[PDB]
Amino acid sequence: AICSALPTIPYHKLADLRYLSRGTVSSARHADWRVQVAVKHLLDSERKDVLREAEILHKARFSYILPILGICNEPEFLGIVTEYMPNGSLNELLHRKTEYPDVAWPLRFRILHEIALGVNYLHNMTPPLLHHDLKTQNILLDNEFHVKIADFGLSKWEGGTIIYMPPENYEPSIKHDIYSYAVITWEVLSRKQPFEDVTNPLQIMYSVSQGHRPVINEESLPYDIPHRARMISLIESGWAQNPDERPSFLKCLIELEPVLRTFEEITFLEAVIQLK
């Protein structure tokens, strides 16, 4: 096999450094490469955390995995330099309903297809690489609303949200990811926050362990949803209470492939224009 090194970017090379999202993510431009970049940064000497993610991104290079451009490793500042995703996260697409009144079905299905393509690829690495922290927050969208999977901090070969975590991992597995995906799939097709009613996050955890899942009915998932039955089948088998009843991503892709072929090329382009 052949080897490739991740470039070292001097901090001084990053211009127009502005805050983007809370480590912390900042937008910037590289003074020589003349492109916009995003920089994730903190500072402790237990900073192998930053170097580990960088190494993962660098080795997990693929079409649907956030491309890393370089490491910014200095005594003064430590950061990960990646491509800038101008359309943020899938979370913001699904839930900023004023800004995005419509998110057309072909786009929703392409996003789902692409999330699955990235994760599958990770799972097919040698040895398999598991995400373990899939959430709408980490599904980044480029200029044409194509998927780039990010956040490999909790990924292996204090925190936040719990709704995408399988019940078996509550007291800490190649089947964690699919559960997360299933919840994402549900959230994507509904534009509903999972366990919307339940305000107490610990209460959610109780319910989930008692077999409960987000509500699958006419109200959340309408009848007009393309391939509703085949999708609901996928969502349910994905978020199974039993880990062994959950499908691989390869299996899901095979299921999704003809579903994606039912949408004409132009509808993706139409969906993106509607959002801009």
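Heads up, when I say rigid core I mean the largest set of C-alphas that superpose within 1.5 Å between the two forms. Quick note: we count residues from 1 along the sequence shown, nothing fancier.
Using the rigid core as the fitting frame, the root mean square C-alpha deviation in 5 other deposited structures of this protein is greater for 160-168 than for the other of 85-93 and 160-168. Relative to the displayed structure, the C-alphas of 48-56 lie farther away on average in 5 other deposited structures of this protein than those of the other candidate, with 205-213 and 48-56 compared after rigid core superposition. Residue-level annotation: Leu43 lacks coordinates in a third or more of the other entries compared, counting only those that model residues on either side of it. Unmodelled residues of the deposited sequence between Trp157 and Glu158: 10 or more. In this entry, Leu42 is separated from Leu43 by 4 to 9 residues of the deposited sequence that have no coordinates. Stretches 6-14 and 248-256 differ in mean C-alpha B factor, with the higher average recorded for 248-256. Here 185-193 and 199-207 are compared by their mean Cα B-factor, and 199-207 comes out higher.
Each of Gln36, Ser233, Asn217, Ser63 has a CA temperature factor in the record; the biggest one is found at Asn217. Which of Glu171, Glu99, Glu114, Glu144 has the largest Cα B-factor in the deposited entry comes down to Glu171. Placement of the Cα temperature factor of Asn124 within the chain: middle third of the modelled residues, per the deposited record.
Ranked by Cα temperature factor within the chain, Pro106 sits in the lowest third according to the deposited record. Residue-level temperature factors show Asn87 in the lowest third of its chain, judged at the C-alpha atom. Per the PDB record, residue ranking by Cα B-factor puts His30 in the lowest third of the chain. When all modelled residues of the chain are sorted by CA temperature factor, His58 is found within the lowest third.
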